[PDB]
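Data first, discussion second: the structure below is written as structure tokens.
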Amino acid sequence: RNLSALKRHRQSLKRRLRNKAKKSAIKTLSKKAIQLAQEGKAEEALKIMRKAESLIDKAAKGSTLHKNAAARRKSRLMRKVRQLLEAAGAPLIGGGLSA
Amino acid sequence: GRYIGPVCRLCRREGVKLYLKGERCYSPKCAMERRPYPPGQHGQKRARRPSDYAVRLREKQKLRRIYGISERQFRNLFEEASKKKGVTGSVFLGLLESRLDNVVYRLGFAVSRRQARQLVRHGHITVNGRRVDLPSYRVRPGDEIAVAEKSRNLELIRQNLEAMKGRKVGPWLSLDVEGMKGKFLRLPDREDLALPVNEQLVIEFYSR
Amino acid sequence: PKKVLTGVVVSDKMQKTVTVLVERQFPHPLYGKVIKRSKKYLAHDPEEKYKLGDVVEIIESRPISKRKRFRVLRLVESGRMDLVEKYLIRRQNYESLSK
Amino acid sequence: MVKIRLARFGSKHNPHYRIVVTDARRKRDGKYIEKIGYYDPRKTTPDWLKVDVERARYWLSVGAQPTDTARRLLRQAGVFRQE
Amino acid sequence: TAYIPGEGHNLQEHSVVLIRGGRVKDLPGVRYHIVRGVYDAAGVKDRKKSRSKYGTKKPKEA
RNA sequence: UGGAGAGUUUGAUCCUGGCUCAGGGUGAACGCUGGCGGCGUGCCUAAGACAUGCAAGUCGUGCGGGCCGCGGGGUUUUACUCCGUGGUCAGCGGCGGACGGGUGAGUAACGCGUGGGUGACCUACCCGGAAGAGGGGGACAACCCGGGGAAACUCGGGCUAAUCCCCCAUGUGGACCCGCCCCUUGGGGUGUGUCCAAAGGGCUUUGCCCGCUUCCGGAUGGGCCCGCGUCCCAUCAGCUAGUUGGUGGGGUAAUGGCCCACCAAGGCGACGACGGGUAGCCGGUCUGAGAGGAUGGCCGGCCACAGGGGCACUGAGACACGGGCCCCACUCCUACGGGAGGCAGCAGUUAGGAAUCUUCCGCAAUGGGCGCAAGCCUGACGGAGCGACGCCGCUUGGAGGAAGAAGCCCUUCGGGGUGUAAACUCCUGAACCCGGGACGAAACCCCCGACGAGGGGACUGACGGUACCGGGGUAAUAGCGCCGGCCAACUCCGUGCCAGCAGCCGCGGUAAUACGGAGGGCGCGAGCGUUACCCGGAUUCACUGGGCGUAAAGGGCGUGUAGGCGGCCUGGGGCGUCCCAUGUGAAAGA
Ligand SMILES: [Mg+2]
Ligand SMILES: [Mg+2]
Ligand SMILES: [Mg+2]
Ligand SMILES: [Mg+2]
Ligand SMILES: [Mg+2]
Ligand SMILES: [Mg+2]
Ligand SMILES: [Mg+2]
Ligand SMILES: [Mg+2]
Ligand SMILES: [Mg+2]
Ligand SMILES: [Mg+2]
Ligand SMILES: [Mg+2]
Ligand SMILES: [Mg+2]
Ligand SMILES: [Mg+2]
Ligand SMILES: [Mg+2]
Ligand SMILES: [Mg+2]
Ligand SMILES: [Mg+2]
Ligand SMILES: [Mg+2]
Ligand SMILES: [Mg+2]
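Protein chains in written order, with the working numbering: chain G, 128 to 226; chain D, 71 to 278; chain W, 57 to 155; chain X, 19 to 101; chain B, 12 to 73.
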């Protein structure tokens, strides 16, 4: 009756939560940042972007994201942050993104 | 296979003296001498003129009966000849004649081709020193065909190699009666065999 | 190599796309006659530079839409409205084949 | 990874392998990248182990692992000896 | 419908039968033969010549 | 190096023309008959349903426990069961379960084939190279406790270890925005900003072995895209709303209406859209003179599917054949509370069927997964078994033996046939029995060397006491179809449009070479016939290679669209075309 692919199942479930956590975190922060960039709040927009960047990259490390995927996430975040800001802006918290 | 059953009864029907018993089919006996007509209740009746088919059927059957070879083996042997290089008729004979059972008869280690079969098959023949018992075995130019050392002095073998002192063995072969060895030198030319068989009609048999 | 094909622009009703009709000729596999078949290709024209009648090299490309996998390479010659008229007559004749 | 290994050819009670390089994940008798030697474990002929050494070395140098049994046979034709 | 070849037979209303294919130039709409010697179709008794059609066992030469 | 035709429409003829046959072939089936071996090959139907066993695991050199057998003495020992090692058990953690194996249901499609593209991408383990492995924390099972259960086991509370999780650091390097240079679809570089690493285990230990992290390159395997090729019906002619395109997003490794907002109104179709029907596609295979036609079982490659349908998770990879969720269908256990299941893996059962095998042996080999290794696992595989299913080989005797026994058949009552066939004499010696007995197996490992090269040693065989060799040794299975013509092979009896035959012409009405039997013959022969299906013959769909006055066939006639085809001369181009080189055309097959 029994195979211990059951194990693999038990395990997939743990990782499934692990990655869910990192992923939903990455979107709440990415959203938050673009939202602040649009309000024009650039110290906190960039503040958050950095956090998001970190968490995306942290995620690239194992199975959760990888690759061009994180890079992409990052790319779109700072493409979207830098521009919303630029409409008003000045990149206050000089942190996060190239001069 | 090899038929098994009355022979100098197709020594007849083909109407032409094959040599299936070797020695008797030379006495006032191969029935070609006595009853040169087909077997059976008819046989000595008006011959109805043969269909083009029967002409060839008979020619084909003649040749085959000469070597004592199954039709499946024969057709195969023939189809091989056709694919092979140059004149299918001549080549095909050479392949028939390259057979071990027949080589052994041509050496006169045996009286008849039936006999040769039985000798080969019973371990009495050896090719290049190792013993062969496959009548169908193909003999190649340059092969020593001898009589097995243990068989060397058997009643039948001494009788048969006693008669080979005197005789000439076909040009494409060599023989060493004292030491009971033979050599297949080359493939038989179409003329080296005086066959009572127009092989060109046999090719035509298989064309249908 | 990227496949280059040449042919005429028979439609520019779309935005940044031209429909390019390519004639080609092969011997018939059995009967040997040279036959002439034709295919239409939607071709990216990002600078709406090409107009109806333009004969154009078409080049194989990174997909640009479903359907579009060919960019316009260059302009062989211009205003061949004769080849355009031909195709449209062939198309208009269909109206007279139904029930 | 990619492998140097014995592909079985010949026939029943007639093993005749090909020394072949192939993704490990192919079936044994399947498609392979390249043939390099052949091997006849019963030495029914004198030329019963052959190997193209200069190719086996290319393949070893780009990270093909050989089978134990394959290694043994490349060794035997001196793929491994270096003077 | 199906022809029952052979002199004599033993087929009746629920006899099981092997059908064969082969029509009969003579009975219209008889496209099939019955295979004698199989299921409930008996062989043909006393048959001695074309014995393997007609599903007849080789008779004993006591 | 390659090509045969014949019968049948007439009183007879020529032509037309259909029907029919001889040949080859098959995963075959059925009938009669059957001796051996070798190599192949065997559910073509119900992608119906399946009892039972086995088909995927492995690491104690990742980690902490439970249990046991020992060593070594704790109270001297059985009651507090303590250290060391070698077993086992689950658990946690890895790597594998995406390969291998099955099947052909769906699919008419970039599915496949073939050639290309990716400046639009990924690739665990393997290799080469560079630089790291420095700090800290934490939780979940196991385990104990309790509630729950008939059990499966299930919940709660608490303990805990690591190569489990998490933060911090270093940043060789890498990612990302932006600017600059080069390059030209997103390719390479560079600057500042931000953001990102890691794991320990084992030994004979200031050295080795296995692992961990980041980057670059390689190799291998992939994804996506495009040209061309890919069945029948037009009594299916119009099709289309994410539909065609754009913009901006989302998504992915990556392009893309893949998905979503918005805008535009497109896109496709007689060069056959759409629809319906059928079908997995190819290397090949069968047939054929070829061109073609048919096919795609076995073996190889690609695709699809895993009771039907949808779905995602984990992950280098899956939308997962022996993983998961839900719906549906069906079945099973049940204490009626609930549980369990998916052979198109190997065998096997059952049903359906004309019909298709052992619930076999072994991991010795080759290959695969895990492991430092020993080794474990492997119904992949190697073998054995059964089946004349197929092909190849072999036997059932050989030489002698009468103008020719007997029997049986014919008879013109002299004969003739079976028939050298038998009897009979010699000879050989399938089977048998005796003795001996393989290759396939040398590696991994061990020792010298350095755990490299190189040298030396040890183990290992399912098949198998088999193949084969040696020695003895018995005359030792033969049947099936046909004998009117095509078609090779004829007489007698029985029968009398009956019984029956039959592929076509047609045979059968009392002298039947055509029915049934006999003798005799012809053809094959452990087979011979039958039925079915494919090609041939069929130049009867005709490219090769046909036709339409009367045989079937000129549209009732114009006009004309698409299309097809296009006089003479000169030049440019070089698409067709031809040439050369070169790449590709896998292996197997030929
Ligand atoms: Mg939220
Ligand atoms: Mg008959
Ligand atoms: Mg008439
Ligand atoms: Mg039987
Ligand atoms: Mg393609
Ligand atoms: Mg986009
Ligand atoms: Mg994915
Ligand atoms: Mg189908
Ligand atoms: Mg032809
Ligand atoms: Mg099923
Ligand atoms: Mg299963
Ligand atoms: Mg049944
Ligand atoms: Mg034809
Ligand atoms: Mg005609
Ligand atoms: Mg008329
Ligand atoms: Mg007419
Ligand atoms: Mg007219
Ligand atoms: Mg015109």
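All C-beta atoms, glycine included, are put in the ideal place defined by N, C-alpha and C.
Local conformation of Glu79/W per DSSP, three classes
Counting from one through the third sequence, the residue named residue 79/W turns up at place 23. The answer is strand: DSSP assigns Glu79/W an E or B state.
Identity of the residues DSSP links to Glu52/X by a beta bridge:
If you number the fourth sequence from 1, residue 52/X lands on position 34. DSSP output for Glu52/X lists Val39/X as bridge partner(s).
N- and C-terminal bounds of the alpha helix (DSSP H) containing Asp86/X:
As a first step, residue 86/X is located in the fourth sequence; it is residue number 68 there, counting from the start. Run containing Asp86/X: 86-94, per the alpha helix (DSSP H) assignment.
Can you give the Cα-Cα distance for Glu129/D and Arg145/D, rounded to whole angstroms?
As a position in the second sequence, residue 129/D is number 59, starting the count at 1. As a position in the second sequence, residue 145/D is number 75, starting the count at 1. So the two alpha carbons sit approximately 14 angstroms from each other.
In chain order, what residues of the same chain have a beta carbon less than 7 angstroms from the beta carbon of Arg79/D, not counting five sequence neighbours either side?
Counted from its first residue, the second sequence places residue 79/D at position 9. Cβ neighbours of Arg79/D beyond the five flanking positions: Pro109.
Same chain, Cβ closer than 6 angstroms to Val66/W, five either side skipped, listed in chain order:
Locating residue 66/W in the third sequence gives position 10, where the first residue counts as 1. Result list for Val66/W: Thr75, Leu77, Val140, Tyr143, in chain order.
By alpha-carbon positions, which one of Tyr57/X, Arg36/X, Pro59/X ends up nearest to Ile51/X?
Within the fourth sequence, the letter at position 33 stands for residue 51/X. Comparing Cα positions, the closest option is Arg36/X.
When you compare each of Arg135/G, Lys188/G, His136/G, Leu173/G to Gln210/G by their alpha carbons, which one comes out closest?
Residue numbering aside, residue 210/G sits at position 83 when the first sequence is read from its first letter. If we check each option's Cα against that of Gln210/G, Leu173/G comes out closest.
Taking only the alpha-carbon atoms, compute the straight-line gap between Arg83/D and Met250/D and give it to the nearest angstrom.
Mapped onto the second sequence, residue 83/D falls at position 13. Mapped onto the second sequence, residue 250/D falls at position 180. Near 36 angstroms, if we compare the C-alpha coordinates of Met250/D and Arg83/D.
Helix, strand or coil: which one does DSSP assign to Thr191/G?
Locating residue 191/G in the first sequence gives position 64, where the first residue counts as 1. Residue state, collapsed to three classes: coil.
Euclidean distance between Cα positions of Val41/B and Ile30/B:
Residue numbering aside, residue 41/B sits at position 30 when the fifth sequence is read from its first letter. Residue numbering aside, residue 30/B sits at position 19 when the fifth sequence is read from its first letter. Using only the alpha carbons, I get a separation of about 11 angstroms.
Which first and last residues belong to the beta strand (DSSP E) in which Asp246/D is found?
Along the second sequence, read from residue 1 onward, the residue named residue 246/D stands at position 176. Element bounds for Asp246/D: 243-246.
Residues that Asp213/D bridges to, as DSSP identifies them
Walking along the second sequence from the start, residue 213/D turns up at place 143. For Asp213/D, which the question treats as bridged, DSSP gives the partners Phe254/D.
With a CB to CB cut of under 7 angstroms and the five nearest residues on each side skipped, what residues in its chain are close to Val39/X?
The residue given as residue 39/X occupies position 21 in the fourth sequence. Excluding positions up to five away in sequence, the list reads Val20, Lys21, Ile22, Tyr50, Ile51, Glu52, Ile54, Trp77, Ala82.
For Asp86/X and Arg93/X, I'd like the C-alpha separation in whole angstroms.
Residue mapping note: residue 86/X aligns to position 68 of the fourth sequence, counting from 1. Residue mapping note: residue 93/X aligns to position 75 of the fourth sequence, counting from 1. If you take the alpha carbons of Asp86/X and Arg93/X, they lie about 11 angstroms apart.
Mind checking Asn32/X: buried by the 16 CB within 10 Å criterion, or exposed?
Here the question's residue 32/X lines up with position 14 in the fourth sequence. By the 10 Å Cβ count, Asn32/X comes out exposed.
Expressed to the nearest angstrom, what Euclidean distance is found between the alpha-carbon atoms of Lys122/W and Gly33/B?
The count along the third sequence starts at 1 and reaches residue 122/W at position 66. The count along the fifth sequence starts at 1 and reaches residue 33/B at position 22. Taking the straight line from one Cα to the other gives about 58 angstroms.
Going by beta-carbon coordinates alone, are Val267/D and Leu133/D separated by less than 8 angstroms?
Numbered from 1 along the second sequence, position 197 holds the residue referred to as residue 267/D. Numbered from 1 along the second sequence, position 63 holds the residue referred to as residue 133/D. Result yes, Cβ atoms of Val267/D and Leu133/D sit closer than 8 angstroms.
Beta-carbon contacts of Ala186/G that lie in its chain and below 7 angstroms, excluding the five residues immediately before and after:
To locate residue 186/G, count along the first sequence from 1; it is residue 59. These residues qualify, in order along the chain: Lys149, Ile153, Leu192, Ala197.
Whole angstroms are fine: how far does the CA of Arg47/B sit from the CA of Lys64/B?
Residue mapping note: residue 64/B aligns to position 53 of the fifth sequence, counting from 1. Residue mapping note: residue 47/B aligns to position 36 of the fifth sequence, counting from 1. Going by the C-alpha atoms only, they are around 7 angstroms apart.
Pull up the DSSP beta-bridge partners for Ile153/G, would you.
Taking the first residue of the first sequence as 1, we reach residue 153/G at position 26. None; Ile153/G has no bridge partner.
Of the listed residues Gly48/X, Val97/X, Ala88/X, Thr62/X, nearest to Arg73/X (C-alpha basis):
Within the fourth sequence, residue 73/X is the residue found at index 55, counting from 1. With distances taken between Cα atoms, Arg73/X lies closest to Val97/X.
By Cβ distance, which residues of its chain are closer than 8 angstroms to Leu38/B, with the 5 residues on each side in sequence left out?
Translated into the one-based positions of the fifth sequence, residue 38/B becomes position 27. Excluding positions up to five away in sequence, the list reads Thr12, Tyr14.
Quick one, are the C-beta atoms of residue 309/D and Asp213/D less than 8 angstroms apart?
Limits of chain D in this structure are 71 at one end and 278 at the other, which puts residue 309/D out of reach.
Environment of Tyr56/X [buried if 16+ CB atoms lie within 10 Å]
To locate residue 56/X, count along the fourth sequence from 1; it is residue 38. Counting Cβ neighbours within 10 Å, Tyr56/X comes out buried, since at least 16 surround it.
What are the residues that DSSP puts in a beta bridge with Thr196/D?
Residue 196/D sits at position 126 when you count from the first residue of the second sequence. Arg201/D, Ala216/D, per the DSSP bridge assignment.
In chain order, which continuous runs of the beta strand (DSSP E) of length 3 or greater are located wholly inside the stretch 78-114 of chain W?
90-100
Hey, out of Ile120/W, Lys92/W, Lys96/W, whose CA is closest to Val111/W's CA?
As a first step, residue 111/W must be located in the third sequence, where it is residue number 55. Out of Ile120/W, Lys92/W, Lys96/W, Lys96/W has the C-alpha closest to the C-alpha of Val111/W.
The alpha helix (DSSP H) with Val174/D in it runs from where to where?
Here the question's residue 174/D lines up with position 104 in the second sequence. Element bounds for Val174/D: 170-176.
Between the C-alpha atoms of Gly75/D and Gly28/X, what's the straight-line distance to the nearest angstrom?
Numbered from 1 along the second sequence, position 5 holds the residue referred to as residue 75/D. Numbered from 1 along the fourth sequence, position 10 holds the residue referred to as residue 28/X. Cα-Cα distance, rounded: 41 angstroms.
Considering only the beta carbon of each residue, do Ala99/W and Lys59/W sit closer than 8 angstroms?
Reading the third sequence from its first residue, position 43 is the one you call residue 99/W. Reading the third sequence from its first residue, position 3 is the one you call residue 59/W. No, the pair does not count as a contact, with Cβ atoms beyond the cut-off.
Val55/B versus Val157/D: straight-line alpha-carbon distance, rounded
Counting from one through the fifth sequence, the residue named residue 55/B turns up at place 44. Counting from one through the second sequence, the residue named residue 157/D turns up at place 87. Their backbone Cα atoms lie some 53 angstroms apart in a straight line.
Determine the burial state of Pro64/X: buried for a count of at least 16 other Cβ atoms within 10 Å of its Cβ, exposed for fewer.
Start at 1 with the first residue of the fourth sequence, and residue 64/X comes out as number 46. The residue in question, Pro64/X, is exposed, as its Cβ has fewer than 16 Cβ neighbours within 10 Å.
How long is the line joining the alpha carbons of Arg201/D and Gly193/D, rounded to whole angstroms?
By 1-based counting over the second sequence, the position of residue 201/D is 131. By 1-based counting over the second sequence, the position of residue 193/D is 123. Taking the straight line from one Cα to the other gives about 6 angstroms.
Of the residues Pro102/W, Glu79/W, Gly109/W, which one's Cα is nearest the Cα of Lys92/W?
Working through the third sequence from its first residue, we reach residue 92/W at position 36. That would be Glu79/W, whose Cα lies nearest to the Cα of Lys92/W.
To the nearest whole angstrom, what separates the beta carbons of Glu150/D and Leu263/D, a pair I think is in contact under 8 angstroms?
In the second sequence, the residue the question calls residue 150/D occupies position 80. In the second sequence, the residue the question calls residue 263/D occupies position 193. No, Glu150/D and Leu263/D are not in contact; Cβ-Cβ is about 18 angstroms, not under 8 angstroms.
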